[PDB]
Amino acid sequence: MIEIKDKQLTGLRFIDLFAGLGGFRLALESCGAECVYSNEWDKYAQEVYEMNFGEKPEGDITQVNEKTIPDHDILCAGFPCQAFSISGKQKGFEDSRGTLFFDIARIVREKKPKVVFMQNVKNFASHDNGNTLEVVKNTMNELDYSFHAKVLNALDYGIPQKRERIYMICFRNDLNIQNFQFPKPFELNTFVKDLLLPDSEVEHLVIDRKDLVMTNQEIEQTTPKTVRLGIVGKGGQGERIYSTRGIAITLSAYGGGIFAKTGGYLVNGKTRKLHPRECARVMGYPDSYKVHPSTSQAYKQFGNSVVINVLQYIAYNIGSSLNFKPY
């Protein structure tokens, strides 16, 4: 994550829904905001959240009374994506894990925060011909908020990961917020290699399969993209090896394959999957963040989390706009 001298969000309170690892909390708190409520129903996510914020989030949101939620100025929510990801069945709102957005909508109608900050995967924008993103837009417009939606790629904001995500920013209409903008991309000066751990600490992640077929020459120079060097098995998800010299592929929560959830990488002549800590780095988490003791649970948590750095630039810009009020 990035350092922030000017706390655009000082004095503002926020709710952390679908909290997971608390990526949103890290982002807003770095901007001066104050978390007043958090919600995450996964037992393991809860322990990590606690292991890092002292509190345990509240359970199943679909059964929490909105009227119970503390007053807040900014609602944060990176809701479920299984029902919309390019990697899933795309059942959308027909999938039980796909209606969570309306739970948010219910919270907003009740608490009417000054801003609504949401996040989800890229395929969300075009899912079902774009009708899902429209329901969200209208639903928010109908709640009387503006709808700023855009897809950003992490690799464009200082993080070496080809993770493309859609960010939806909504300001309550009564506030004439009209200068909001998404962060301008900037050249990438960091790559996978720069965030790796010493060999001695990842020796155990090294894999060596007879079906390892190297199909491409390691690259000399650093590029701001993913470069496939080889493959294992049929080359399906988690069986593709990339160059640490380029940027990392999109971490996942339920992914399988020998290099499950992180993908394979070529380091000093060896093929291995990323270490939980490296995933953290790949996601923008500060090394001072304590990861869950279960490596599998830890990869899953980072897998469906968010890139702190990106969140920061958006949060800082959210503050900027909210703060511009000339006479």
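When you see a residue number, it is the position in the sequence shown, counting from 1.
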{"item": "Mean temperature factor over C-alpha atoms, higher-scoring stretch between 87-95 and 73-81", "value": "87-95"}
{"item": "286-294 or 263-271, whichever carries the higher mean Cα B-factor", "value": "263-271"}
{"item": "Among modelled residues of the same chain, the CA temperature factor third for residue 276", "value": "lowest"}
{"item": "Among modelled residues of the same chain, the CA temperature factor third for residue 251", "value": "lowest"}
{"item": "Residue 301 - Cα temperature factor, lowest/middle/highest third of chain", "value": "lowest"}
{"item": "Position of residue 174 among the chain's modelled residues by C-alpha B-factor, lowest, middle or highest third", "value": "highest"}
{"item": "CA B-factor ranking of residue 118, expressed as a third of its chain", "value": "lowest"}
